[PDB]
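Novice: Before we start, here is the structure in question, set down as structure tokens.
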Amino acid sequence: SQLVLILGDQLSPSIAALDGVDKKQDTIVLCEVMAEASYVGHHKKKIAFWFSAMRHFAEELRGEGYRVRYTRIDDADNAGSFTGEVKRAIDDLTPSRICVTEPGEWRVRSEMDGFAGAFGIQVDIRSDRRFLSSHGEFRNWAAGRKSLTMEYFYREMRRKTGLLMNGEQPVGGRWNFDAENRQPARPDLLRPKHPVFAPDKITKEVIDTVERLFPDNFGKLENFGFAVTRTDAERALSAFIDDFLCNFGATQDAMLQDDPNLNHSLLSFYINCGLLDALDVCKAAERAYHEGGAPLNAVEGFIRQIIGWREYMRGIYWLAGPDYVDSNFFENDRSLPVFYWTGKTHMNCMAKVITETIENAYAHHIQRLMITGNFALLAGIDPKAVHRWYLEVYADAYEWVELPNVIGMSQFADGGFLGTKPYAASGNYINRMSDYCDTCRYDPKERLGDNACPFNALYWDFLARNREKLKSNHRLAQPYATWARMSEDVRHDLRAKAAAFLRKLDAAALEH
Ligand SMILES: Cc1cc2nc3c(=O)[nH]c(=O)nc-3n(C[C@H](O)[C@H](O)[C@H](O)COP(=O)(O)OP(=O)(O)OC[C@H]3O[C@@H](n4cnc5c(N)ncnc54)[C@H](O)[C@@H]3O)c2cc1C
Ligand code: SF4
Numbered sequence: 002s003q004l005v006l007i008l009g010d011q012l013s014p015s016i017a018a019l020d021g022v023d024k025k026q027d028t029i030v031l032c033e034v035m036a037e038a039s040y041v042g043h044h045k046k047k048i049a050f051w052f053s054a055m056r057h058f059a060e061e062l063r064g065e066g067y068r069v070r071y072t073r074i075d076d077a078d079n080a081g082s083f084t085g086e087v088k089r090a091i092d093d094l095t096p097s098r099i100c101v102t103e104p105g106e107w108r109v110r111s112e113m114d115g116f117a118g119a120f121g122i123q124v125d126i127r128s129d130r131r132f133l134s135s136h137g138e139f140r141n142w143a144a145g146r147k148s149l150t151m152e153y154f155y156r157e158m159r160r161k162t163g164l165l166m167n168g169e170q171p172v173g174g175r176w177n178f179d180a181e182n183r184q185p186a187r188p189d190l191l192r193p194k195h196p197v198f199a200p201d202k203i204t205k206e207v208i209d210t211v212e213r214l215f216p217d218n219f220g221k222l223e224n225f226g227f228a229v230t231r232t233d234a235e236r237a238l239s240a241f242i243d244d245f246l247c248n249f250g251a252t253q254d255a256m257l258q259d260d261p262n263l264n265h266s267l268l269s270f271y272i273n274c275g276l277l278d279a280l281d282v283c284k285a286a287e288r289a290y291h292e293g294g295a296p297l298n299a300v301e302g303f304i305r306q307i308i309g310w311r312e313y314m315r316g317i318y319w320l321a322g323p324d325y326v327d328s329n330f331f332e333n334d335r336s337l338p339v340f341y342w343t344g345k346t347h348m349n350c351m352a353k354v355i356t357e358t359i360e361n362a363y364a365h366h367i368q369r370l371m372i373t374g375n376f377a378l379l380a381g382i383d384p385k386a387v388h389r390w391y392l393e394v395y396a397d398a399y400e401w402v403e404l405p406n407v408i409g410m411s412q413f414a415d416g417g418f419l420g421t422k423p424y425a426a427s428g429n430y431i432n433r434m435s436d437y438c439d440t441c442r443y444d445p446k447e448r449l450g451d452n453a454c455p456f457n458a459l460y461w462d463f464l465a466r467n468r469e470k471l472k473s474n475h476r477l478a479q480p481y482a483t484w485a486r487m488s489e490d491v492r493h494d495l496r497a498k499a500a501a502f503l504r505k506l507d508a509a510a511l512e513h
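Using PDB author numbering, the first residue of the sequence shown is number 2, and each one after it goes up by one.
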């Protein structure tokens, strides 16, 4: 008989490990196991989402006729590790083999590589076919290139899937419509509200348990609205296609104080644990285009984020190896400011985004990149500490997708390995793309003096102190030219102002 192990982010009835299961003799094993349980950064809503999502999946599998062994977070016998739980399961079920789908984390994959020797039983680790490229295919793709860029890989995924393909030509005569998706947005108070799902009996029980076992963890549990069933996740997909997809590209980079969601889909939490399938989501958007529900620049832009970025990050993560997390191109050692955990900062943009993170366990892409990520980059934060924050505070966070977004795209801590450019930006960018500055005590137009937006001096200081490593970068040529034409006294005053702000950070850090 088989022991079929299914992990917390593999909540799909077509997951590879269920291939060829004998429903009457095999047993599916689901275990609420948290290796980092004592890390208080993990958002309470994320933990509640994990476990509620997993308990509904166990019930769904039983309704399908499977035999399911379930261990809760609060079970007295919970061994606290996948190995310990698999050992407890072997004792009950006396299987002749273990089937499991390859995990999405370096550390968990290695642990499972040890099952065969630790238990003396056959172990079959199956390739996770929810991704379009195997590890080997992606490695061979990268070997033929020398400089990796997402856009090359995306073109290959467009051909492999057929999405928005007319034979071997892209639908509409163009591969990518990003150029049309970059304007700022004014508020639109008729934009519909996003779907929320009231907690059912199982979710309320998880919510109470999380409050009881992680009382001092980051984040609020109030107004938990995540879908936790396959059917409700699809209701969230439907809501996005009917209400927001047609305007998705229009506002893709915009930020608004009173609208935390704009036209984003808010489906990442569901795709990443298996309640939605990535290719099914793209096909839904593609259908919307042919039925006239959305324009091409919006549909292609949406699909590019999933079979382009999301599939690319997965390949980068496995190709870069376990020690990618140690990338530190600029040699930063500064710790993460405590206001990333509290929101208690006078920078209005940072305050609002961190607050939304506290309350919702979600922020949309341009806030992760250009607000909290940009600040950490400019401030010279240790990239590993930035990594820990993003992995812990967002409900769609898993290492394989978060790490290449933090190490590569946001912090440039790999020196540009995945092909992006440095996203350093001054307060002038935030003032154009958002209305955060309108109610901020600081002034985005000032770089010196007590009123000045902190991003302005920090932007120049970042460029100045990293000049040897960045001067050849084409996209920074104009900024470095402007810098070299300032007087020595102006350059000196900008760096002294930046030092004074970094000093405020260091003095607070050397409290705790
Ligand atoms: C510092 C940083 C950390 C990030 N951490 C994560 C993370 O932990 N988990 C995560 O899923 N995404 C992460 N991203 C990518 C992106 O910000 C989120 O996927 C997005 O905000 C999810 O919101 P949404 O579902 O409304 O996406 P939408 O704006 O509706 O985008 C549609 C879908 O495309 C995918 N997608 C879009 N952008 C990216 C991207 N850059 N990389 C991978 N997939 C993408 C997601 O599946 C998303 O659901 C990160 C980006 C940055 C800059
Ligand atoms: S002024 Fe500087 S700090 Fe205040 S909001 Fe605009 S960008 Fe953020």
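From the three backbone atoms N, C-alpha and C, an ideal C-beta is built for every residue, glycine too.
(1) Counting pairs of beta carbons, one from the stretch 65-83 and one from the stretch 23-31, are three or more of them closer than 8 Å?
(2) With DSSP collapsed to three states, give me the class of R56.
(3) Within 10 angstroms of the Cβ of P455, are there 16 or more other Cβ atoms? Answer buried if so, exposed if not.
(4) Using the C-alpha atoms, what's the distance from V5 back to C438?
(5) Since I29 sits in a beta bridge, which residues does DSSP pair it with?
(6) So, residue 1 versus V229, is the Cβ gap smaller than 8 Å?
(7) Assign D20 to one of three DSSP states: helix, strand, or coil.
(8) Helix, strand or coil: which one does DSSP assign to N474?
(9) Using a Cβ-Cβ cut-off of 8 Å (strictly less than) and excluding sequence neighbours within five positions of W401, which residues of its own chain qualify?
(10) Please determine if the stretch 482-502 and the stretch 441-458 are in contact, where contact requires at least 3 C-beta pairs separated by less than 8 Å.
(11) Just to confirm before moving on: does the CB-CB distance between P445 and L464 stay below 8 Å?
(12) For a test of the three-state rule: what should DSSP assign to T102, helix, strand or coil?
(13) Excluding the five sequence neighbours on either side, which residues of its own chain have a C-beta within less than 8 Å of the C-beta of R140, listed in chain order?
(14) Please classify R335: does DSSP put it in a helix, a strand, or coil?
(15) For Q11 versus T102, is the C-beta distance shorter than 8 Å?
(16) Can you tell me which residues form a DSSP beta bridge with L257?
(17) With burial defined as no fewer than 16 other Cβ atoms inside 10 Å of the residue's Cβ, what is the status of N224: buried or exposed?
(18) Per the DSSP calculation, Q170 is bridged to which residue(s)?
(19) Who are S435's beta bridge partners in DSSP?
(20) Can you tell me the Cβ-Cβ gap for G42 and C274, rounded? I've got them flagged as a contact below 8 Å.
(21) Beta carbon of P14: closer than 7 Å to some heavy atom of ligand 2?
(22) How many angstroms separate the CA atom of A237 from the CA atom of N361?
(23) Are there any heavy atoms of ligand 2 lying less than 7 Å away from the beta-carbon of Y443, as far as the coordinates show?
(24) Opposite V124 in the DSSP bridges: which residues?
(25) Nearest CA to the CA of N262: which residue from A279, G302 and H195?
(26) Looking only at its own chain, which residues have a Cβ that is under 7 Å from the Cβ of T72, when we skip the five neighbours before and after it?
(27) In whole angstroms, what is the alpha-carbon distance linking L276 and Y399?
(28) Taking 7 Å as the line, does the beta carbon of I367 fall inside it for any heavy atom of ligand 2?
(29) Check whether the Cβ atoms of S427 and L370 sit closer than 8 Å, and answer yes or no.
(30) Please determine if the stretch 378-386 and the stretch 329-340 are in contact, where contact requires at least 3 C-beta pairs separated by less than 8 Å.
(31) Does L471 pass the burial test, meaning 16 or more other C-beta atoms within 10 Å, or should it be called exposed?
(32) Would you give the residue range spanned by the alpha helix (DSSP H) that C247 belongs to?
(33) Bridge partners of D444, per DSSP?
(34) Report yes or no: do three or more beta-carbon pairs, one from the stretch 242-261 and one from the stretch 292-303, lie closer than 8 Å?
(35) What residues in its chain sit with their C-beta under 7 Å from that of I208, if we drop five residues either side in the sequence?
(36) Candidates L449, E312 and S473: which alpha carbon is nearest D490's?
Specialist: Concretely, from the data shown:
(1) Touching, yes.
(2) Along the sequence shown, read from residue 1 onward, the residue named residue 56 stands at position 55. In the structure shown, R56 adopts helical secondary structure according to DSSP, grouped into three states.
(3) What you label residue 455 is simply residue 454 of the sequence shown in a count that begins at 1. Classification for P455: buried.
(4) Your numbering for residue 438 matches position 437 in the sequence shown. Your numbering for residue 5 matches position 4 in the sequence shown. Straight-line measurement puts the Cα of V5 at about 53 Å from the Cα of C438.
(5) Working through the sequence shown from its first residue, we reach residue 29 at position 28. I29 is bridged to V5 and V69.
(6) An answer regarding residue 1 cannot be provided, because it is not within the stretch 2 to 513 covered by the chain.
(7) As a position in the sequence shown, residue 20 is number 19, starting the count at 1. Assignment of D20 by DSSP, reduced to helix, strand and coil, places it in the coil class.
(8) To locate residue 474, count along the sequence shown from 1; it is residue 473. The answer is coil: DSSP assigns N474 none of H, G, I, E or B.
(9) Locating residue 401 in the sequence shown gives position 400, counting from the first residue. The residues are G105, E106, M314, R315, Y318 and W319.
(10) At 8 Å Cβ cutoff, the stretches touch.
(11) Against the sequence shown, residue 445 aligns to sequence position 444. Against the sequence shown, residue 464 aligns to sequence position 463. With contacts defined as CB atoms closer than 8 Å, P445 and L464 fail to qualify as a contacting pair.
(12) To locate residue 102, count along the sequence shown from 1; it is residue 101. Shown here, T102 sits in a strand according to DSSP, grouped into three states.
(13) Here residue 140 refers to the residue found at position 139 of the sequence shown. In its chain, beyond the 5 residues on either side, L320 have a beta carbon closer than 8 Å to the beta carbon of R140.
(14) Here residue 335 refers to the residue found at position 334 of the sequence shown. The three-state secondary structure of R335, taken from DSSP, is strand.
(15) One-based indexing of the sequence shown puts residue 11 at position 10. One-based indexing of the sequence shown puts residue 102 at position 101. It is a contact, given that the beta carbons lie within the stated cut-off.
(16) Mapped onto the sequence shown, residue 257 falls at position 256. Under DSSP, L257 takes part in a beta bridge, and its partners are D260.
(17) Working through the sequence shown from its first residue, we reach residue 224 at position 223. With fewer than 16 Cβ atoms within 10 Å of its Cβ, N224 is classed as exposed.
(18) Translated into positions along the sequence shown, residue 170 becomes position 169. The partner list for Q170 (beta bridge, DSSP) reads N167.
(19) Against the sequence shown, residue 435 aligns to sequence position 434. Residue pairing by DSSP puts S435 in a beta bridge opposite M256.
(20) Translated into positions along the sequence shown, residue 42 becomes position 41. Translated into positions along the sequence shown, residue 274 becomes position 273. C274 and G42 do not touch by the CB rule: their CB atoms are close to 19 Å apart, not below 8 Å.
(21) Along the sequence shown, read from residue 1 onward, the residue named residue 14 stands at position 13. Outside the cutoff, so no.
(22) Counted from its first residue, the sequence shown places residue 237 at position 236. Counted from its first residue, the sequence shown places residue 361 at position 360. Taking the straight line joining both Cα atoms gives about 16 Å.
(23) Residue numbering aside, residue 443 sits at position 442 when the sequence shown is read from its first letter. Within the chosen limit of 7 Å, ligand 2 reaches the beta carbon of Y443 through at least one heavy atom.
(24) Taking the first residue of the sequence shown as 1, we reach residue 124 at position 123. The partner list for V124 (beta bridge, DSSP) reads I99.
(25) Counting from 1 along the sequence shown, the entry for residue 262 is found at position 261. Closest by alpha carbon: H195.
(26) Locating residue 72 in the sequence shown gives position 71, where the first residue counts as 1. Cβ neighbours of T72 beyond the five flanking positions: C32, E33, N79 and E86.
(27) Along the sequence shown, one-based indexing puts residue 276 at 275. Along the sequence shown, one-based indexing puts residue 399 at 398. Spanning the two alpha carbons is a distance of roughly 15 Å.
(28) Here residue 367 is taken as the residue at index 366 of the sequence shown, counted from 1. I367 Cβ: outside cutoff for every heavy atom of ligand 2.
(29) Locating residue 427 in the sequence shown gives position 426, counting from the first residue. Locating residue 370 in the sequence shown gives position 369, counting from the first residue. Not in contact: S427 and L370 (Cβ atoms no closer than 8 Å).
(30) The answer is yes - the stretch 329-340 touches the stretch 378-386, with three or more Cβ pairs under 8 Å.
(31) On the sequence shown, position 470 is the one that residue 471 refers to. Label assigned to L471: buried.
(32) For the purposes of this step, residue 247 is taken as the residue at position 246 of the sequence shown. Where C247 is concerned, there is no enclosing alpha helix (DSSP H), given that its DSSP letter is neither H nor E.
(33) In the sequence shown, residue 444 corresponds to position 443, counting from 1. Partner(s): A453.
(34) With a cut-off of 8 Å, the stretch 292-303 and the stretch 242-261 count as touching, because enough Cβ pairs lie within range.
(35) Position 207 of the sequence shown holds residue 208. For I208, where only same-chain residues beyond five positions count, the Cβ hits under 7 Å are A49, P200, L222 and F225.
(36) Taking the first residue of the sequence shown as position 1, residue 490 is located at position 489. Ranked by Cα distance from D490, the options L449, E312 and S473 are led by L449.
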